[PDB]
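K.L.:
One structure follows; several queries about it will come next.
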Amino acid sequence: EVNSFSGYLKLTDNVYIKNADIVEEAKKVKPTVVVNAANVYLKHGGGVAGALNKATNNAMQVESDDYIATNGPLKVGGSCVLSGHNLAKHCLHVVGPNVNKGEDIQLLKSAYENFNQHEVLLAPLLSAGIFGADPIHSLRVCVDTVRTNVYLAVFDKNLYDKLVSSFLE
Ligand SMILES: CC(C)[C@H](Nc1ncnc2[nH]c(-c3cn[nH]c3)cc12)c1ccc2c(c1)S(=O)(=O)CCC2
């Protein structure tokens, strides 16, 4: 019943990967921590963040606005811990660089370093999709940076297959 991840492929001693929607994984597993692919103002307008917010019936967005009002925006490469709502005990909101908006890809290492404060995490592939990072590079940074136990859900079988073949070269 605790962190019941199923059907993952173990890549390294601490990195696992599955072709799955992170929202569906969070509902089934109810992990201790789910990672959001956030932006600095925690505006969950689309993609992974919009999907996680919609699964909380907008409770994540209201909580996020209150956090920003009191604390100000996050930095690129930084994170904050807020409620997991019905998806997890906690949501770790992590800001990976948006290369399509000119942010430095080197900050992807700092973004993955936030994962090391949590023993077990369900997470998306940071800075992939419309953030513009090369998803094979993002997996290599994950493997080289994260030391705690991370379960990556990648919602695209074509990309999943390319990432596993890239890792097993
Ligand atoms: C690479 C892609 C396959 C992957 N997507 C996903 N990966 C895992 N669980 C997912 N659920 C949905 C979904 C459910 N309902 N609606 C959307 C998407 C999703 C991905 C990973 C990272 C990032 C993005 C996208 S982005 O374009 O949202 C920008 C932020 C970084």
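Residues in the sequence shown are numbered from 1024 upward in steps of one, following full-length UniProt numbering.
Don't be surprised by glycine CBs; every beta carbon is placed ideally from N, CA and C.
1. Who are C1114's beta bridge partners in DSSP?
2. So, are the CB atoms of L1034 and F1190 less than 8 Å apart?
3. Roughly how many whole angstroms lie between the Cα atoms of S1188 and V1063?
4. How many Å lie between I1091 and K1098 at the Cα?
5. Mind pulling the beta strand (DSSP E) runs of 3 or more residues that sit fully within the segment 1047 to 1099?
6. If you drop the 5 nearest sequence neighbours on each side, which residues of the same chain put their C-beta closer than 6 Å to that of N1123?
7. Which of helix, strand or coil does DSSP assign to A1151?
P.N.:
Based on what the coordinates show:
1. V1057 and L1105
2. Remark: C-beta atoms of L1034 and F1190 approach each other more closely than 8 Å.
3. 33 Å
4. 12 Å
5. Here the runs fully enclosed are 1056 to 1060.
6. Excluding positions up to five away in sequence, the list reads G1155.
7. coil
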